[PDB]
Amino acid sequence: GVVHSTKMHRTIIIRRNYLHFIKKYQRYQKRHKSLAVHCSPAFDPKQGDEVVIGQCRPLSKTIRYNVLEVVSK
Amino acid sequence: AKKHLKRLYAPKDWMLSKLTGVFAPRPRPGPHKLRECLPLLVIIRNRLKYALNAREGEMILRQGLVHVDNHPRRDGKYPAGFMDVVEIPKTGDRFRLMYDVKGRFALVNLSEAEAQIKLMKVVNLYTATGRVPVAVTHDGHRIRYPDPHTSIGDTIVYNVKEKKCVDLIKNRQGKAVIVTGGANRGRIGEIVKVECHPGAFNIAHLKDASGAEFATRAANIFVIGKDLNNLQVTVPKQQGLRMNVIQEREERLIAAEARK
Amino acid sequence: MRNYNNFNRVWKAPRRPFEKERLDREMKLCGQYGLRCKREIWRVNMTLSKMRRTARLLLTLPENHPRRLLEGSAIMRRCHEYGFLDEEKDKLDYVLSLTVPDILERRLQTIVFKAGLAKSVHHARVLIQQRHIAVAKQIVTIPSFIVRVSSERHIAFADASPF
Amino acid sequence: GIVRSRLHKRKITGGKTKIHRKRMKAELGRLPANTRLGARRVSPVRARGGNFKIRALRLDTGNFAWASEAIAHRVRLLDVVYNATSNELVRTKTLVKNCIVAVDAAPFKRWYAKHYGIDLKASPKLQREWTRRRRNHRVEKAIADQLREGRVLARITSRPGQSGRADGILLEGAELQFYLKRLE
RNA sequence: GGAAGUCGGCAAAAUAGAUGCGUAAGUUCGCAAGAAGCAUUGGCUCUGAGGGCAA
RNA sequence: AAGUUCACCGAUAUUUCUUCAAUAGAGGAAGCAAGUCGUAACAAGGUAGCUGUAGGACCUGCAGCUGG
RNA sequence: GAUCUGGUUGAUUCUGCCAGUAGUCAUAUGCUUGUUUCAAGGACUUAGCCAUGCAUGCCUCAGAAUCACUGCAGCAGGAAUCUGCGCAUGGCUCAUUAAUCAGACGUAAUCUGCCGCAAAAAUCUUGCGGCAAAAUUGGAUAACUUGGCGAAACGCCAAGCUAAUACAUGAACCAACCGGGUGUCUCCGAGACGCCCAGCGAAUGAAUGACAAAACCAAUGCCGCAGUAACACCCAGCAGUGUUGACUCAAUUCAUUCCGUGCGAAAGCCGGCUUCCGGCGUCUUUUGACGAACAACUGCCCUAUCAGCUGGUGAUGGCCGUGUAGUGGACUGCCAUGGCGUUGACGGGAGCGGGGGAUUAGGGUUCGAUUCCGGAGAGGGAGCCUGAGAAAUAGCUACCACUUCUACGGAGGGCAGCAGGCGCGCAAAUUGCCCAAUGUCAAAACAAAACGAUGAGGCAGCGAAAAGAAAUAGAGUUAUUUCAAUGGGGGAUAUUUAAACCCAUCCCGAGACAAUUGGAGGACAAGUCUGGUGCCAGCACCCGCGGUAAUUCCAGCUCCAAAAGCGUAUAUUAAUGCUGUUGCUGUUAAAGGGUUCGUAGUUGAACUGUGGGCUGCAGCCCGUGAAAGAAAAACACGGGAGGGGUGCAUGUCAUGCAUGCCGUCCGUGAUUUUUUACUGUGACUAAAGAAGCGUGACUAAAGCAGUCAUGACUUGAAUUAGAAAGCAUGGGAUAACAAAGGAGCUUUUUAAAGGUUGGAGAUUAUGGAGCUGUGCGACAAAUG
Ligand SMILES: [K+]
Ligand SMILES: [K+]
Ligand SMILES: [K+]
Ligand SMILES: [Mg+2]
Ligand SMILES: [Mg+2]
Ligand SMILES: [Mg+2]
Ligand SMILES: [Mg+2]
Ligand SMILES: [Mg+2]
Ligand SMILES: [Mg+2]
Ligand SMILES: [Mg+2]
Ligand SMILES: [Mg+2]
Ligand SMILES: [Mg+2]
Ligand SMILES: [Mg+2]
Ligand SMILES: [Mg+2]
Ligand SMILES: [Mg+2]
Ligand SMILES: [Mg+2]
Ligand SMILES: [Mg+2]
Ligand SMILES: [Mg+2]
Ligand SMILES: [Mg+2]
Ligand SMILES: [Mg+2]
Ligand SMILES: [Mg+2]
Ligand SMILES: [Mg+2]
Ligand code: NA
Ligand code: NA
Ligand code: NA
Ligand code: NA
Ligand code: NA
Ligand code: NA
Ligand code: NA
Ligand code: NA
Ligand code: NA
Ligand code: NA
Ligand code: NA
Ligand code: NA
């Protein structure tokens with residue numbers, strides 16, 4: 001995904017953008033989803049960067065993923 | 001929690017008519033999984049035809065006249081499964097449960113000194129108290145001192161009459177396997193090359209005797225011999241050779257024409 | 001409740017219930033073959049329709065296809081067994097020319113009339129219903145029995161009948 | 001009664017969930033123990049599956065280990081001196097995990113003299129392994145300073161309300177200096 | 001018991017400080033508004049927050 | 001065992017507030033379906049018609065259109 | 001089968017709707033119905049109220065009988081009670097619900113009776129008066145008796161007897177291996193001895209849970225440094241080697257508490273041989289299977305006359321804790337100010353979700369209370385005990401609304417289980433028979449004195465829902481008499497069935513055993529027929545008939561359509577390119593905004609590419625240069641390869657019984673390496689339903705069977721499609737995402753200066769290898 005907000009402490013919001021296909025009209029549709037991820041101090045991602053996240057056990061009310069890699073810009 | 005099993009929900013590997021009753025016998029927990037087992041009541045009554053109904057099937061079983069792996073079983077809900085030896089000494093018939101080429105359960109006749117061994121696939125290894133190594137097989141057996149070279153996926157040749165392992169077959173390139181799950185069940189192939197994908201399933205590529213190529217998940221293969229020549233277990237008549245439906249339809253039409 | 005026996009319908013009423021050209025054509029068939037009601041004619045229309053759509057789908061959409069060799073000879077075997085098709089013709093295109101009278105010929109009531117056992121189609125109907133006719137030593141009471149070509153030379157009178 | 005489910009919480013959008021099922025036994029909770037200093041008193045609790053939990057109500061004894069020497073002894077708790085959650089737990093004298101307590105230092109001084117031959121042993125005899133292990137071995141002044149005072153700070157490492165024990169470990173190194181500054 | 005007294009609730013009773021929550025129609029948009037209404041408050045022993053100058 | 005004291009879960013009742021759906025009402029207003037009083041439109045319909053606006057079937061002023 | 005017809009005008013060509021027409025396991029209603037087979041059936045309105053009866057119990061050879069119980073001759077059968085297991089399943093219903101569900105997945109975050117395969121070395125007991133050894137353990141309670149209380153109550157009290165596989169207590173030596181800490185003796189650091197502790201599981205703390213070239217000193221092994229798993233004797237190889245993608249996991253050693261939740265050889269029960277040989281049953285530890293709970297990757301109705309929602313009053317996150325079987329704002333204390341929203345949040349409304357049903361050329365529209373799977377509930381709302389499992393309802397407690405008996409003191413109830421009632425409505429069966437089949441439970445195989453329960457389920461009744469097959473004659477004679485055939489029906493040594501039934505099979509019986517429902521101007525098949533009425537009565541889905549000569553009303557005759565069926569009403573599909581993605585209209589018929597600006601959104605120009613030579617065959621450094629160098633690679637792992645291909649030594653205190661005669665495989669660290677989307681394959685993908693392979697259930701709707709001669713066919717039950725999302729891999733033409741905005745832009749060669757030694761523990765120098773200031777030789781350069 002792509003980093004969307006870094007206004008929390010050791011937590012970021014990432015967004016996934018995709019196209020959804022409607023069978024009747026034979027055309028696509030823009031959709032998105034937002035996830036809350038835990039950001040380790042080993043990483044320093046900026047807004048707009050691409051990250052790789054992996055599933056873990058529930059760490060909070062909304063967090064279920066952990067940052068594993070960050071790609072600059 | 002659940003104790004019943006509707007007939008429509010029962011596995012299709014058994015041959016139960018939807019119009020005969022509402023219920024089917026629910027197998028108990030045991031050596032084999034519920035979805036991949038054949039209960040003893042189905043074998044006695046619906047396949048061997050020894051029992052006309054389930055009342056007579058209880059008389060046979062509760063007398064201990066049926067031995068599974070050299071041990072009487074008196075429960076009609078006992079989950080008999082793959083590579084199991086069933087012997088009825090009074091009638092003197094010995095069978096082994098295998099998969100035919102299409103995928104259905106098949107009873108293969110056996111002889112003495114062949115109904116004394118069985119093949120088990122190792123699914124887990126762990127260390128028990130006192131630092132002893134234990135291997136868990138595909139039918140629930142626990143071997144307390146396996147070969148030091150044993151690994152997960154290998155096949156162990158067991159001796160049911162005397163209860164020690166005799167030989168070990170390793171799983172690697174150039175070996176004979178039989179598929180026990182999926183759409184290729186009951187087909188005997190030959191391991192060509194295995195793809196290893198960590199975290200996900202491993203894919204194994206196999207070639208039949210006739211040269212047909214197919215693939216399946218690595219958990220669905222069962223090593224049975226060094227190659228297709230010297231197999232360690234008797235297989236059904238077709239020897240795991242799948243044939244085209246076009247030719248299959250033709251021969252039965254010709255054979256039935258000359259059958260009379 | 002908890003019953004899984006199946007059942008389906010076999011005929012279909014026509015659209016436009018008052019076509020003059022259809023009404024008289026159906027009356028010729030009903031009196032020529034001795035049928036009781038128009039439901040018999042509409043039953044034959046349904047089975048003929050089912051044959052045609054299977055062939056048309058199978059004809060050219062899938063090309064030479066394992067789904068064409070299969071059930072491409074089965075229909076011909078089915079058609080040849082009952083006598084709905086000519087022996088010489090062996091292509092799926094020639095099953096589209098099947099007509100209602102052709103299927104109506106291969107009926108037990110019609111076969112008895114053309115075999116000389118019965119003087120008229122109405123006489124053939126009463127004989128079958130009276131258990132005076134047997135096929136391969138088996139009493140048959142259904143005038144709709146579609147006689148297979150293999151049993152053509154086996155139809156005769158009944159042993160238990162006074163005839 | 002008490003529940004641990006998320007059905008009564010608001011959604012992340014701020015909306016309210018319409019609950020259409022009753023409370024289940026599988027999601028229950030129980031009232032806390034509030035363990036305190038005093039003579040031993042515990043009560044058993046039957047948990048799921050037939051197991052038992054020991055809910056301790058008062059404790060005054062535990063097992064404390066000296067990590068540097070890899071030993072342990074059974075001593076008596078003297079006081080509660082610090083709690084990170086709230087100092088009202090120090091006032092009420094409750095025992096929970098990770099709280100800081102002061103324990104009796106007498107057993108550890110005796111083992112020190114019996115092992116390394118240092119008094120903060122009536123006859124030297126042939127037993128002169130003291131110099132054998134006293135080489136390349138030193139004791140921090142902070143630990144030794146309070147050993148002769150009579151009490152030594154320790155950290156509780158067990159959950160008293162779940163097992164009925166108050167076991168711990170002696171503070172050393174940077175952890176000791178962290179808490180000594182707050183207490184002053 | 002509670003305005004039945006009397007021309008008429010005259011006269012008396014009644015509400016009440018401070019803090020938190022909450023507050024209608026109407027309206028010249030300023031108000032109406034302390035609208036209406038609900039809760040807390042003592043004594044004692046403790047804990048936290050809110051500063052200056054000298055190196 | 002009965003029984004005191006506290007904390008928690010909390011039915012039920014009373015009162016106050018929010019939302020949804022239905023309900024009466026003297027009297028006034030507005031539509032639709034089935035004798036009298038005038039011809040506003042259709043022809044230059046006898047003052048060509050029509051649109052917006054303001055005032056007193058309709059009439060008059062102001063600006064616009066031809067569907068003159 | 002990719003189809004249309006009537007109605008606006010005096011006529012004509014359009015737009016447009018109304019009406020006709022076909023289907024519905026879609027209901028209701030009216031008039032009719034000879035036979036048989038197969039089937040739905042109080043969902044809709046009231047998750048309204050319910051008299052009565054029945055729906056969950058279980059005993060074998062193998063847990064406890066002194067019935068004051070029954071037979072006969074101590075044996076057998078044993079009522080009743082204690083004990084162990086089950087009653088958390090099945091059955092019913094669809095009130096709630098935008099989560100639940102579908103496909104695909106995780107628990108390394110956890111619990112787990114019955115079932116399978118396994119494991120077990122703690123614990124000074126008993127008898128006698130120190131000696132012995134097959135442990136001859138203890139107290140109490142039902143059923144029973146006596147006296148009873150109460151109107152009753154699936155309500156009770158006291159006293160006296162006595163069982164255990166109920167409860168409690170408790171077994172030394174036989175009997176081993178190994179380890180830690182410590183006192184008195186001998187040799188010169190070694191050995192011996194004495195003592196304390198050392199079992200499974202639990203809590204805490206500390207380690208293990210691998211790696212990937214020589215000199216000097218102290219102590220050590222072997223003949224001075226060549227051999228060389230490790231180790232101070234009994235054991236000279238009695239673990240130097242757990243698993244995974246990954247672990248603070250499995251397991252081992254040390255210290256303290258353990259045990260202060262726990263752990264019998266049931267101190268158990270039956271048989272067969274002549275004393276040992278079996279069959280059961282039970283406690284603790286561990287992991288397979290069967291389950292439970294939690295989590296969320298893509299999809300999931302209408303509404304803006306609902307635009308802001310949440311906000312330490314827990315809302316988003318952080319720290320230490322508590323609670324839980326376990327993760328978590330699940331919860332207490334403190335801290336920060338976040339999270340969601342026009343890609344529709346929040347609010348309101350109608351609905352249980354799927355597999356699937358109807359219709360349709362294709363694209364689609366619509367239904368799904370109901371047989372299989374999942375969720376939820378038991379008049380309403382809370383709380384809880386037992387238990388492996390319940391927030392259980394034919395369990396308990398309280399309140400509210402209904403309701404029952406009474407001697408007035410008190411005690412009871414929960415049919416959305418099966419039949420039956422009352423109400424409600426347009427709308428839905430018998431207070432029947434049986435455990436014979438299919439299953440569940442369990443102390444249980446069947447028989448023998450000796451038959452487990454089961455309104456689950458079966459099978460009969462009622463029952464034109466719907467679906468198959470089929471009667472109401474046939475052939476002739478000169479218009480009016482001659483034949484043959486019989487099925488309805490009535491019976492049968494009989495057959496079927498748990499008993500019945502039905503059905504099949506056989507035999508006294510005709511030319512009233514007699515068919516209806518709508519119509520006859522047009523759409524739309526069929527009268528210029530005859531009376532009666534006279535814009536009245538009436539017909540008419542639409543157009544329209546009737547005002548004294550009615551093609552249409554009321555009747556007779558004749559004719560038409562379907563036929564054991566046929567009309568009417570209401571919803572729905574098609575007709576409908578009249579919802580238009582495929583595929584609609586907008587000058588005058590309905591409908592372009594008065595004109596501009598503008599943000600999300602939708603759309604968006606060209607280019608980096610003709611391979612050559614000898615329809616083919618085989619080859620090319622596959623532009624030009626230049627010929628090991630040049631235009632996945634490269635170090636290192638023996639705990640990597642069942643150390644992969646290409647009778648003579650060795651030992652002998654040996655179970656050494658042994659050992660030898662160029663590219664790949666595996667794992668680890670360095671080096672820069674590009675996705676999405678589309679497309680082709682492969683894997684994985686409940687039945688029932690749909691498509692269809694085979695088969696003369698007399699045919700068919702069906703079903704998966706059957707066919708051929710002490711049995712064979714190795715009998716058969718083949719295949720296919722199934723939204724979207726997820727997994728692996730091949731291709732690069734059309735596209736997307738991301739980045740920059742163009743001045744943030746040589747290599748190689750030697751010379752010089754510097755800053756493994758036997759093993760284990762310290763000390764030293766040299767050498768690598770990199771890092772700089774120099775010097776040298778050679779070769780390039782896309783811009784002298
Ligand atoms: K006029
Ligand atoms: K909503
Ligand atoms: K039964
Ligand atoms: Mg006959
Ligand atoms: Mg008052
Ligand atoms: Mg007065
Ligand atoms: Mg006053
Ligand atoms: Mg009003
Ligand atoms: Mg005028
Ligand atoms: Mg009991
Ligand atoms: Mg249930
Ligand atoms: Mg039922
Ligand atoms: Mg012992
Ligand atoms: Mg935490
Ligand atoms: Mg729907
Ligand atoms: Mg259900
Ligand atoms: Mg009922
Ligand atoms: Mg009805
Ligand atoms: Mg029933
Ligand atoms: Mg008439
Ligand atoms: Mg006509
Ligand atoms: Mg217009
Ligand atoms: Na009959
Ligand atoms: Na109802
Ligand atoms: Na029902
Ligand atoms: Na016991
Ligand atoms: Na549904
Ligand atoms: Na429930
Ligand atoms: Na009930
Ligand atoms: Na019996
Ligand atoms: Na029957
Ligand atoms: Na429609
Ligand atoms: Na159409
Ligand atoms: Na099917």
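Overview of values
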item: Filter result for the condition that a residue is under 26 Å from D:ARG40 (Cβ atoms), among the polar types (S, T, N, Q) and not in a strand (DSSP E or B), over D:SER123, D:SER158; result: D:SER158
item: Residue satisfying all of: in the range C:127-147; within 20 Å of the chain's Cα centre (by Cα), loosely packed, with under 14 Cβ neighbours inside 10 Å and within 28 Å of C:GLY31 (Cβ to Cβ); nearest to RNA strand E (Cβ to nearest atom) among these; result: C:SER144
item: Odd one out for B:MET243, checked against (1) under 24 Å from B:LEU107 (Cα atoms); (2) more than 14 Å from chain C (Cβ to nearest Cβ); (3) surrounded by 11 or more Cβ atoms within 10 Å (Cβ to Cβ); result: (2)
item: Members of the range D:11-36 found to be away from RNA strand F (no atom under 14 Å from the Cβ) and either surrounded by 10 or more Cβ atoms within 10 Å (Cβ to Cβ) or among the aliphatic types (A, V, I, L, M) (or both), listed by number; result: D:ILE12, D:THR17, D:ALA26, D:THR35, D:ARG36
item: Residue in the range B:155-163 that is surrounded by 14 or more Cβ atoms within 10 Å (Cβ to Cβ) and farther than 17 Å from B:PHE82 by Cα present; result: no
item: Strands (runs of 3 or more DSSP E) lying entirely in the range A:8-73 (those with 1 or more residues that are within 14 Å of chain D (Cβ to nearest Cβ) and of a type outside the set (S, T, N, Q)); result: A:11-22, A:27-38
item: Unmet requirement for D:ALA65, which otherwise passes all of (1) closer than 18 Å to D:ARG41 by Cα; (2) under 12 Å from the mean Cα position of the chain (by Cα); (3) small (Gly, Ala, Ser); result: (1)
item: Complete set of residues in the range B:108-134 that are under 17 Å from B:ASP84 (Cβ atoms) and surrounded by fewer than 15 Cβ atoms within 10 Å (Cβ to Cβ); result: B:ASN109, B:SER111, B:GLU114, B:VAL123
item: Checklist (1) hydroxyl-bearing (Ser, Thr, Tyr); (2) under 30 Å from B:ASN244 (Cα atoms); (3) surrounded by 13 or more Cβ atoms within 10 Å (Cβ to Cβ) applied to C:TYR33, failing item; result: (2)
item: Tabulated pairs, the range B:1-17, first more than 14 Å from B:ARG104 (Cβ to Cβ), second outside any loop (DSSP other than H, G, I, E, B), C-beta under 8 angstrom, 6+ apart or interchain; result: B:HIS4/B:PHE23; B:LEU5/B:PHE23; B:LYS6/B:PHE23; B:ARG7/B:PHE23
item: Matching residues, the range A:1-37, being hydroxyl-bearing (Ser, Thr, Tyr) and over 19 Å from A:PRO58 (Cβ atoms); result: A:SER5, A:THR6, A:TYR18, A:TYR25, A:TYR28
item: Residue among C:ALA118, C:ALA55 that alone is within 30 Å of B:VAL245 (Cβ to Cβ), more than 14 Å from chain B (Cβ to nearest Cβ), more than 16 Å from the chain's Cα centre (by Cα) and among the small types (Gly, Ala, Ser); result: C:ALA55
item: Pairs, first more than 14 Å from every other protein chain (Cβ to nearest Cβ) in the range C:1-22, second of a type in the set (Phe, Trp, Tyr), C-beta under 6 Å, six or more apart; result: C:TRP11/C:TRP42
item: Residue that is surrounded by the fewest Cβ atoms within 10 Å (Cβ to Cβ), among those in the range B:1-34 that are small (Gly, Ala, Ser) and away from chain C (no Cβ under 14 Å); result: B:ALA1
item: Filter result (within 24 Å of B:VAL42 (Cβ to Cβ), in contact with a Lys or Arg (Cβ under 7 Å, 6 or more places away or on another chain) and assigned to a loop (DSSP other than H, G, I, E, B)) within the range B:107-144; result: B:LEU110, B:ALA115, B:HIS138
item: Pairs where the first residue, in the range D:10-34, is among the small types (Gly, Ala, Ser) and the second is more than 6 Å from RNA strand G (Cβ to nearest atom) and assigned to a loop (DSSP other than H, G, I, E, B), C-beta under 9 Å, 6+ apart; result: D:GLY29/D:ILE2
item: Single condition C:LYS50 does not satisfy, out of (1) surrounded by 12 or more Cβ atoms within 10 Å (Cβ to Cβ); (2) under 14 Å from the mean Cα position of the chain (by Cα); (3) under 30 Å from B:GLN247 (Cβ atoms); result: (1)
item: Count of the range C:10-42 residues which are among the polar types (S, T, N, Q) and over 16 Å from the mean Cα position of the chain (by Cα); result: 0
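So that you can scan it fast, the table gives a plain yes or no per residue for (1) acidic (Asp, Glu); (2) near RNA strand G (Cβ under 6 Å from one of its atoms):
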| residue | (1), (2) |
| --- | --- |
| D:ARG41 | no, no |
| D:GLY50 | no, yes |
| D:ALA56 | no, no |
| D:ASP60 | yes, no |
| D:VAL75 | no, no |
| D:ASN83 | no, no |
| D:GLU88 | yes, no |
| D:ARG91 | no, no |
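FYI, it's all coordinate maths here, none of it is from the lab. In this analysis, Cβ positions are derived from the backbone assuming ideal geometry, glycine residues included, and neighbour counts consider all displayed protein chains.
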